Amino acid sequence: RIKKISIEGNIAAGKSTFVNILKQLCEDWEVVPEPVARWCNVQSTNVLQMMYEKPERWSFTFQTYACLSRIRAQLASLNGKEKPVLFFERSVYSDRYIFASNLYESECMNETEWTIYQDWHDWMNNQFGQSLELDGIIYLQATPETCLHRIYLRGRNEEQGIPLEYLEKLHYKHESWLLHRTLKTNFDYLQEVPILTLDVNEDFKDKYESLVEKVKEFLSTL
Amino acid sequence: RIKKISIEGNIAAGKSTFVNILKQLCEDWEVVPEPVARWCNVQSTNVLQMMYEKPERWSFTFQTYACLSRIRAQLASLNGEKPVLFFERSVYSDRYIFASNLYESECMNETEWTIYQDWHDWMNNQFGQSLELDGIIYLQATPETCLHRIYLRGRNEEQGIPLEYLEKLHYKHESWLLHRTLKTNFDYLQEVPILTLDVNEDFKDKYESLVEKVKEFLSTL
Ligand SMILES: O=c1ccn([C@@H]2O[C@H](COP(=O)(O)OP(=O)(O)O)[C@@H](O)[C@H]2O)c(=O)[nH]1
Ligand SMILES: O=c1ccn([C@@H]2O[C@H](COP(=O)(O)OP(=O)(O)O)[C@@H](O)[C@H]2O)c(=O)[nH]1
Ligand SMILES: Nc1ccn([C@H]2C[C@H](O)[C@@H](CO)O2)c(=O)n1
Ligand SMILES: Nc1ccn([C@H]2C[C@H](O)[C@@H](CO)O2)c(=O)n1
Ligand SMILES: [Ca+2]
Ligand SMILES: [Mg+2]
Ligand SMILES: [Mg+2]
């Protein structure tokens, strides 16, 4: 009954910044941010920092946790909200086919880890995930260079060392999935999901009238 | 509606051997073996072998996988007269015996151990309330015995297991199933009947007594 929209985008693209501008843009819009605050405080340890420090060792662990939390956080919000619209920061899909995938392709996860990961991911969704099916997706598109700026801009520490190559790898992944719609999944229905693509290479912190304009148009057809 | 019994015991104690002697003693008794096969075959790689080879690196991974599978396997057999279902080990022995000991042994750090438990709690809380045990059968054997039967079985990944390891596991079993002093987050547990059987002696062909006590146990459930 509640429309479910997923906001996707490369690291530091503008998801959070954008997602906020919407939180208030209308009382009938709730947001489900990425539970990052929860991955950076696991028993006074930063697991995001641990992956970025030794990916060959922590990727699997980290990726697995990230996804688990993401689900719980989203399953969560689905209780506590006329024209209901729920906005997710990233989604289980981008978790597996963008980050997890890329980590494997980059040898940061071996056959065993990657195999387990997917089986687990499939099980999870098949289980506590049916009700998390998206009705739409908003691709906040930005070049690898721009996102790199915003990471440096945001100032989060674990990310300050991220190489443009990483950015690049994930930018292509994003594109193939959201823009071109070439990358396939195990979730058949994503093949019929609307995908609004917004170019946010330019600052929109105070120039989003257009963006928010297109968002409404998008949602009306849902 | 289906009675759920869990067979617990140290490595190579006799769980499988015992659990079989039962599946064929009443078309009303089904068994849910420990998916130890599915572990040894993950994309042509043995994850059990990977943990025993470098625990500091694979324990968490392995432990996590093991429990996931165990649950799926049990949830499965759950669906499909005086129905009794026998589980080889249980999510409880997974966490408070093996996972726990791996942490206590520095094979899992604070981060891994923390994540493990939170996940474990979430899992059970979720797709688990239907896996609650009605009873437990503790197949008790000294680590000495378990160590010999590890040779007799011949599984490779285990041939290098040290007695002290076998010992540490034994005490975790003793604490939770005999002296009942090890507490969990599942309050119901310490309120579940616990039949303890001494299997230090070979029962492959002398189980009349064992199976006798099993029936007595189940009648009071
Ligand atoms: O139009 C914009 C979009 C982003 N940012 C900066 O980029 C950083 C990361 O943006 P965000 O928090 O949205 O990251 P994301 O949620 O996309 O990972 C923040 O410090 C923002 O101030 C900015 O200055 N202008
Ligand atoms: O009464 C018995 C119980 C066990 N075993 C041997 O102990 C090993 C381990 O048995 P099992 O596979 O049941 O171990 P578990 O699955 O309980 O760890 C095998 O070689 C069994 O044949 C035996 O010789 N006699
Ligand atoms: N499955 C995911 C999801 C997010 N992140 C990262 C990207 C950022 O560095 C941080 C915040 O999104 O987490 C990741 O590596 N893997
Ligand atoms: N949580 C568990 C469960 C089982 N095993 C191991 C012990 C034996 O080597 C094999 C069969 O029980 O699996 C383990 O290390 N950790
Ligand atoms: Ca902290
Ligand atoms: Mg963010
Ligand atoms: Mg066995």
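Header annotation of the entry names X-ray crystallography as the structure determination method and lists the resolution as 3.02 Å.

1. Structural notes on the UniProt feature "active site" in chain A
Mapped onto the present numbering, the UniProt feature "active site" falls at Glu89 of chain A. Within the secondary structure layout, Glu89 of chain A lies in strand β3 (residues 85–89).

2. What about the site of ligand 1?
Residue and element names in this part refer to chain A. As a structural note, the neighbourhood of ligand 1 is formed by 13 residues, with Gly14, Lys15, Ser16, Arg154 and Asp203 the closest of them. Note that an oxygen atom of ligand 1 is positioned 2.6 Å from one of the backbone N or O atoms of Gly14. Here ligand 1 loses 81% of its free accessible area of 540 Å² to cover by the protein chains. Those elements that provide at least two residues to the shell around ligand 1 are α1 (15–23) and α7 (144–154). Looking at the shell around ligand 1 residue by residue, the classes come out as four nonpolar, three polar and six charged.

3. Overview of the UniProt feature "binding site: substrate" in chain A
Residue and element names in this part refer to chain A. What UniProt calls "binding site: substrate" maps, in this numbering, to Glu34, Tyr52, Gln63, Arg90, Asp95 and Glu159. Secondary-structure assignment places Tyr52 in helix α3 (residues 47–53). Sequence-distant contacts of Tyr52, that is, excluding residues within four places in its chain, are made with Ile11, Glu158, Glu159, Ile162 and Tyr166. Position of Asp95 relative to the elements: it lies in helix α5 (residues 92–105). For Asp95, the contacting residues outside a window of four places in its chain are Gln63, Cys67, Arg70, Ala100 and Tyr117.

4. So, the sheet that holds strand β4 (residues 136–141) of chain A
Residue and element names in this part refer to chain A. With parallel pairing, five strands are arranged side by side in an open sheet as β2-β3-β1-β4-β5. The open sheet has two edge strands with one neighbour each: β2 (29–32) and β5 (195–199). The mean angle between the axes of side-by-side strands here comes to 20°, regardless of whether they run parallel or antiparallel. The strands touched by helix α8 (residues 164–178) within the sheet are β1 (3–8), β4 and β5, with β4 carrying the most contacts at an inclination of about 145°.

5. So, the nonpolar core
The biggest cluster of nonpolar side chains holds 147 residues, and the ones touching the most others in it are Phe18, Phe87, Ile138 and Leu198 of chain A together with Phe18, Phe86 and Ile137 of chain B. For this core, the element with the most residues is helix α4 (residues 55–78) of chain B, which contributes 10 residues.

Scoring rules and cut-offs
Residues numbered from 1 in each chain as written, not as in the entry; some residues may be left out. Chains lettered and ligands numbered in written order. Heavy atoms only, no water. Residues with missing side-chain atoms left out of burial classes, pairs and counts. UniProt positions renumbered as here; feature names shortened; annotations may be inferred. Helix = DSSP H or I, 4+ residues; strand = E, 2+ residues; numbered from the N terminus. Near = heavy atom within 4 Å. Polar contact = N/O pair within 3.5 Å; in protein donor to acceptor, adjacent residues only side chain to side chain. Areas by Shrake-Rupley, 256 points an atom, 1.4 Å probe, with all protein chains shown as cover. Nonpolar A, V, L, I, M, F, W, Y, C, P; charged D, E, K, R; others polar. Contact = heavy atoms within 4.5 Å. Pairing = 2+ DSSP bridges. Axes fitted to C-alpha atoms, helices over the stretch in contact; angles between N-to-C directions. Core = buried A, V, L, I, M, F, W, Y, C linked by side-chain atoms within 4.5 Å. Buried < 20%, exposed > 50% of the residue type's maximum accessible area, 1.4 Å probe, protein only.

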